[PDB]
Each structure stands twice: as structure tokens, then as C-alpha cells.
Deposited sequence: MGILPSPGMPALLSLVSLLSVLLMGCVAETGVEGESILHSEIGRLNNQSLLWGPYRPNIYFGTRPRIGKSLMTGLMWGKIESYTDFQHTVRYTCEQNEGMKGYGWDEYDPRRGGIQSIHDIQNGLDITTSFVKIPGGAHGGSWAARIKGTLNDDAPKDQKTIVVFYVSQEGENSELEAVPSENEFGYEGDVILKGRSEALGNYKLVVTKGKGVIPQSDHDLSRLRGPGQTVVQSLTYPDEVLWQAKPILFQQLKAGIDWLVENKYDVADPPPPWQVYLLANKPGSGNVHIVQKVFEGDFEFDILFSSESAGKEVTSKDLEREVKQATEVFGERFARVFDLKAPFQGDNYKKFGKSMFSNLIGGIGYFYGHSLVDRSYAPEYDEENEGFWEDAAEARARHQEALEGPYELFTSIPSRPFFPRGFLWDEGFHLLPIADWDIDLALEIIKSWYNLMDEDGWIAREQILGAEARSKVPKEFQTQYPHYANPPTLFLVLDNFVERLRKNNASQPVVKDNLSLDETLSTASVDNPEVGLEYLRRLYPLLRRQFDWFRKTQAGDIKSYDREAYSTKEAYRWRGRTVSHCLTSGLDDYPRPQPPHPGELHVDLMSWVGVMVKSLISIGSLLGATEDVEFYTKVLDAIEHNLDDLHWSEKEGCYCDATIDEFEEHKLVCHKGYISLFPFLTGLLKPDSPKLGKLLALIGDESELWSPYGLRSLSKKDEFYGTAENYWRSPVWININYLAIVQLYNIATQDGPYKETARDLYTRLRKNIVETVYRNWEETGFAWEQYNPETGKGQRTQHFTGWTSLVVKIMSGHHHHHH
């Protein structure tokens, strides 16, 4: 039965618009298969289209905004795109139609509407680019009846092992096709849809823009060669219309020119399914998707007061839809330093310089290939898997569709190597590498990241203890299925746990260090003078200088998180011997957090270092780090320490801004210094954890229940209203929020853990 659900899941999720790095495109969850992508640009001149054409996601003054209005990876969704440069409001509706044995069918409608400022007679070039990778597979454009191009639809017929037989139709569409009275029309037609079918080696098919342009440039060279010149030149849009040449190949370019508003359909019909997909099918299934989307949202994300109004609902739908809409399938080789240079052990004083020297040996090589099915933080700026981000992304996603979340967790854990390491940043294949300078691609097997994916696991567990509709919850509704999933993941869970304890160990024994346990102590590998990238809190101030005797209270707290998850999961699987070992680790961490990290003087947790005189010194920087045992749900609800942390959290002069909790206290000497990434701004993910822990304390008998209730109430309110107000004004989710002004700053399109706001509004943790 577990096997069966797995197969149904695979079939359900196979197709999607799983290329979030581009404005619109599709691919199945198969590394070498059929991919599509959309491009458009106005043409006003002989040289402008190279600058106007859109393909990969960006965000600048030329683009008002874009994102998903509704989305569910089982069903499809609707995206709208507001393009200032090209004077166009675009809608891309995508829908999946189950059937056959090959992952079903799908359709999309592309609709472009000129805005009020666009010239009513704008010419817009639109291209649908289709590529297929694989050795024993075929794809052919059925030739036109007409001389120079297609009057009606374009039919591509193809076949592969993965997909069987299929057809892909790009329909005629609606809208004015401009017509050229130029001489050239005798050779190139007056203007019509054209197709060029081509072949390149599989590994470069992803380079759609250069492939398109090479074809355009060859068209222009031909014009020059055949005496079309500046004495009497064809219009721009005709100069940029490819010569029709459909055929066989692994690349098919379908180009249309439209004047004014336009729309057209793409119909992918899986032969093994019933009849082929039609435009009437598309319209109906889009209508049905929206309906179902609405019904699910109201149940899953029922916004509580004072966010029950329709303005907040629209906001919630957009934040949620952009987050789940970001889901991608990535495939390819990654860049990894597998030297395990001894300098990476960071055992000496001044280790960072040693580590730099090892890096400058440049032993990193490509390995894999790997695949990953994941949501991402940022379509325009970093459309790829980040390890601790995904823990946050999956929290709202799991509400929506627990089976989807488990699928993504499973996908991440399948990356894990023999030692228990998953790179914190997953750059798979040349397409993904194109977005990343070479200097930042290399992953290091000694670099951890917070294991926030356990948080998702914890939620699954609690849910477990207490057809698309069916499939979405099958792993909770069938407790047998749930347990098998856990049985199978559990060893990698344990492996990662052991990996943390092996590779990120702090040093008690070699110093004047007294604590309940000689074992429980942690130090993030990879820190430099100004940074600790692996912790997730890039420039939060740490002991200076960095030192092998450092201990990090956030890292120990993450280990606590993992061990508690292991207790619950082990217990479920009857892994008795393990659960005894875990229990003693938890007990030791509980004590050692205290012995090694608690500052009575300061009233909070501090990281630790080793002095000039070799003694254990606390290094206190009031901020998110300071709160970690609380944030990670480690403290008892009656803990006097918790009560002091509650005081710090509520304290306006320290962490509490009208906009949420500040990353670093205004009293800290490093407040608002350097790049000020984590040195003051409000981050939704850490605020999310605060809000969750406040609510836990608030709904249990105890001494701080009422303080917790007040802080919960207000923090929820401040965080939601801040993200809402900026969304209202800018159309964007942002990376972080200014505690003085409330303004979103750093990058936009951060969906991204900022989308946690839909669960904050939802409440009832």
C-alpha cells in the first residue's frame, strides 16, 4: 500500500511549471526530458528586441511585478506578469489533466494585454521554445500546408522512453498578425507563425536565448547577403521573423508576431491517455482548478482576527501561492571540494587563513548528477534549494499538502552523502550555475546549515499521532504509510545527527571548562573574521577573533531540536536502544546550554570563546542568537530563564520594534554596522519561531502564560501588518524589514520564508 501511494504520488506530481528560474516554462521531474519556455518582447526598432526580450526572471525598474495568483502543483495555477518595459500585462494559466501511464497531460494559456501607456499598435514578438534531451527520443514539427509558415496551429509530435508518445500543439491564437507589403514577403511570406527545428548537443539545449539569437542573426545575415538594405529595409518585426523551416530535432522554436492584444494555447497530449487535450478542456480545467484552490485555502488557511477580512485573504493567497509556486525540479552536476584538506578541521588559532589556503588549491570538481525537487527563496536572484530555508518553506506547504512536503523532504535527503552531509546550497547543472559566480559555486562537506527540515518532520509526527484531495493527505490518513516513510528516512535522519556531532564538535576537554557533560558542545565550521555563513545568520556578531574554542548556542539548540525529533521518531519505530541514547543526549544538552551558554549577568544565552589567558569567556550580543533555546522550544514553560528571555523579547529598548523583533539589540555595539544583514533588521523566519513559542507558552498553565499571551498577540499583529503593508504598497514580499521605518529592504520576490505570514495569520498552532 505504501508502494501504491508512492506511484500515485509520482504520477500526480510528474508535470509542472517546474522552471521557477524563468518567467514561464514546463518540465517533468526527469533529468533528461522535454522542456518548454516562453519568451516575449516588444519590437520598435532594428536593435531593441535583444534588449526587450524576456526569458529568465529578474527584478528592476522595467518590471512592475509578477507572481502566482493561485497555484497547486497537482492541478496547476495562474500567474500574472506586469511588464513596464514591454507595456504588457501577461497571464499564464497552466493546468494538468490526469490520464494514461506517463504522468498525464497539461495545457497552458498565454494571454498578453497591452497596458494604457503602450502604443495601441505595438508589435510584440512571442516565442515558444521546446527542447528535448535524451539519446533514443524524437520530436518533429509537422510541416505547414502553406508556403512560408503556419496559418493555423503548430503540431509537434514526439516520443521518448520516459513520456511514451505525445503531441504538443501551439494553437493559432487570437490577435492581429501584422502584414508586410515589402518585397521580402515574396520570399518570407507577409507575416505568419513560423517554426525552426534544430539540433544542438543535449547539454546546451537550456541556452534558449543564445540559440534563438543565433537563428535571428543568421536571418539578418541572409537579408544582408540577398540585398535587403537601408535604401529600402523591411519593417523591424519582419527582419526579426525567422524563416520557417520545421522538421526533426531536439530544439523547436515557435515564433509569432502580434499587433495589439494577443493570446494562444499550448496543449500537451499524452498519447497513453484518452483523447487529445483541447482548448475547451483547458478553459474548463482552469475554472475547476480555481474553484478547488478557493475551497482548500479557506479550510487550510483560515485567517483569524484581526486578519479575517478580504484584503488579508488576497494577501494570504498571494504570499502562499508565490511560495508553493516557486517549486522547481533541478538536475545536473554540482561543484564540490572533495579534498577534505586538514586545514578545514579548523583546529588552530587563525584557522580561517589556513582554510583560505586550502581553497586556493582549487581541488573542487564536478560530481553527480543529482536531482532536487524543492521550493526556493527567490525566483529573480537565487532560484535554487537552500537547506535551512526549506524547513521554513515547507511549514505552510505541509499544511496545504503533507504528501507534497514529504516528497520534498525525501528529495533533499536523497542528496545526502555517505558521511551524512547535504550541501547547504544546491546548484545543479549548467543552467543553475549560470546564476552564480564561479567563486560562490563550490560546496564544502564540512559546511552545515540549520536542520530546520526536522521542524516539518515534527509537524508530520504530531499530525500522524492525532483523488488529488486524497493523495494530499494519504501519508497521515494511512498511518501504515506514514510509518514506512519514517522507517525509510530515519537512518538518514540519524546519519545527519551523527554527522553534526562528528564534524561540528566544540572543545570542552582541552580547556579550563566545567559542565555537566563532557560531550555536548558545538562550533559551526566555516566562520571567517566577519561572517558565519553556515549558521544562516550571515553577519550576526560572533566572538572576535574566531577561535577553535568557540561554542555557538544556536548550533547546540539545533542539535537539541534534532534529538527531540529523533526521540519521537525512534519511539514510533520502536528503536529502543537509540531512544535511550537520545534521551541522555537531550538531558546533557539541557544542562550544558546552562553551564556553557547562560549569562546570569546579562539575563540571556551567549555564544562562548576562549580568552587570551585560555579561559572560557561568554560573548554576549543581545539578539536572535541570545534567544535560541527558547526559539527552538527547548526550555520548560516555568523556566526562570525563559521569563528573562521574555523580558528581553518584550523590551522596546533592546529587541522589540513596532515592526517585529530586531535581529540585534539597539544597545549592541554592532547594531546597524557593516553590511547590517543580521545586525538590526526584522527577519520573518526567526520572528515566526518566536511567535510559535509565545503561543505555546500562552496556551498552557504557567507563570508566564499571560506575558506570553500579550507578546504573542502583538508580535503576530506587528509581523503580519508589516509584511502586509509593504505588500500592499510595493506588490512584494521582501527578505527583511527595517525596524525604524517598517520598509521592506534587500531583495524582493522573497517567497521565501517571508510567506510564513500565511501560517502566522492562520494561528491555532
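Unmodelled segments of the deposited chain, in sequence order: 1-37, 504-516, 816-819.
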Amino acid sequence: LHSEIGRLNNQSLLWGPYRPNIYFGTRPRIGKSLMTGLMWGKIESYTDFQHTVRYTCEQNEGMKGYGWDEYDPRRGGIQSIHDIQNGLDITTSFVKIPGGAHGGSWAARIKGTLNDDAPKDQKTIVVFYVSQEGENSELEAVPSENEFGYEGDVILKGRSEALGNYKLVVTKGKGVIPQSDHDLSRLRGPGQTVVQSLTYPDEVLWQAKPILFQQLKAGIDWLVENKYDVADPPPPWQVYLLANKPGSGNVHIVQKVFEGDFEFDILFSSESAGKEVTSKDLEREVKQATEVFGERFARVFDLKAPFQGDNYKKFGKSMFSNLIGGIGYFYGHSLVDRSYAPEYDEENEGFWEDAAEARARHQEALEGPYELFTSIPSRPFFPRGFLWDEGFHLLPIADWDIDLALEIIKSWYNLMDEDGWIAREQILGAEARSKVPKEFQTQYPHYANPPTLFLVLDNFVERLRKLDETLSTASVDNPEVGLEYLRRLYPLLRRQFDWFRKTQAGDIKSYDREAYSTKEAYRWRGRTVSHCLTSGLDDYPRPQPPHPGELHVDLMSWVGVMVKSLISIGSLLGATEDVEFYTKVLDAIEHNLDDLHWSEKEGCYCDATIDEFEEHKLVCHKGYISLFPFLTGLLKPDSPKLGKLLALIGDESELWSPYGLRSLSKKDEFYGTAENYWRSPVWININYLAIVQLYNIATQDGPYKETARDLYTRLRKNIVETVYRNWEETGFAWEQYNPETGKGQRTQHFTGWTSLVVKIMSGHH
From here on, numbers count along this sequence of modelled residues.
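According to the PDB record, 292-300 carries the higher mean C-alpha B-factor of the two stretches 409-417 and 292-300. Higher mean CA B-factor, judged across 730-738 and 698-706 from the recorded values: 698-706.
For the set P380, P445, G482, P210, the maximum C-alpha B-factor listed in the entry falls on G482.
As recorded in the PDB entry, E349 shows the highest C-alpha B-factor of the residues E367, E349, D153, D83. When the modelled residues of the chain are ordered by their C-alpha B factor, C532 lands in the lowest third. When the modelled residues of the chain are ordered by C-alpha B-factor, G385 sits in the lowest third. The deposited CA B-factor of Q11 belongs to the highest third of values across its chain.
Among all modelled residues in its chain, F262 ranks in the middle third by Cα B-factor. The PDB entry assigns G219 a C-alpha temperature factor belonging to the lowest third of its chain's modelled residues.
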